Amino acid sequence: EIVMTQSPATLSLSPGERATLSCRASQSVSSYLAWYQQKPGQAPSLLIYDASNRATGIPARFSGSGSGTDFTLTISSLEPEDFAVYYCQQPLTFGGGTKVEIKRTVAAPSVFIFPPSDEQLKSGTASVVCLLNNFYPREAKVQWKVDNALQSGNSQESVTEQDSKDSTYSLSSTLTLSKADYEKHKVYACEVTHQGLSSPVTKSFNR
C-alpha cells in the first residue's frame, strides 16, 4: 500500500495568512488526489479533486497543485472557518491529517480544584477534578500529588477544542479513588506546568 505522508502535523497561523499543506506519496498516484476538510462533529467535505480541480461551492481561496508523489494544498488567505483538519486522499488510502489552529499570545491557565461531592462519597467512590481554563499553547502537564506522593494510573485527562472566541484551550483531569482509599490521606494537590507559568502552580485542599 502507498503510504501518504502529510506535513506538517500541526500549523499555527493567523486569519489572513497563507497556509501551505504538503502531501507526499511513496509511489506515483498520477493525478488521483483529493483534499478534504473535516470540522469537529461533521463528516469530511471535499475541497479539491484530481489534484488541482476545485469542487463546486468551494471558495476560490482553496487551491491544489502537484502530480505523482508531491502535492500541495494552498489556502491563499485564511478565514476563521478554515481552522480545522485537512486530509489528502489517494484511490486507496487517506493521509494522516494536518491540523490548522489559530496562533495566539501565550496565556497561563486558571487552575481550579474540586473536592469530591458527598453524593459520590455515598456511592463509595471519590473523584477529584483539576480544571485548567483558557490557556495557550495547548501543551500542559498536570501532576497529581496525594500527601506529597505522586499518583499514577488513577487519573485521566481531556482537552477541549480551540475556542472560537478567545482561541485558547481547557483541560480537565480527574483523579478517582475509592472512598476507603480517599480517607487514608489528607492532602490532595494538583501541580500544573505550562509556558505561561514561571513556576509550577499547585492547587490543594485538605480533606
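All residue numbers refer to positions in the sequence shown, first residue = 1.
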- Message: If you take the mean CA temperature factor per stretch, which one wins between 82 to 90 and 132 to 140?
- Response: 132 to 140
- Averaging the C-alpha B factors as listed in the entry, name the stretch that ends up higher: 181 to 189 or 7 to 15. 181 to 189
- Message: Quiz for you: based on the deposited Cα B-factor, which of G68, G41, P44, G64 is highest?
- Response: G41
- Could you say whether, by C-alpha temperature factor, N148 belongs to the lowest, middle or highest third of its chain? highest
- Message: Considering every modelled residue of the chain and its Cα B-factor in the PDB entry, is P116 in the lowest, middle or highest third?
- Response: lowest
- Item | Chain-wide C-alpha B factor ranking for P109, given as lowest, middle or highest third | middle
- Message: Lowest, middle or highest third: which one holds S76 when the chain's residues are ordered by CA B-factor from the entry?
- Response: lowest
- Where does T98 sit by CA temperature factor within its chain: lowest, middle or highest third? lowest
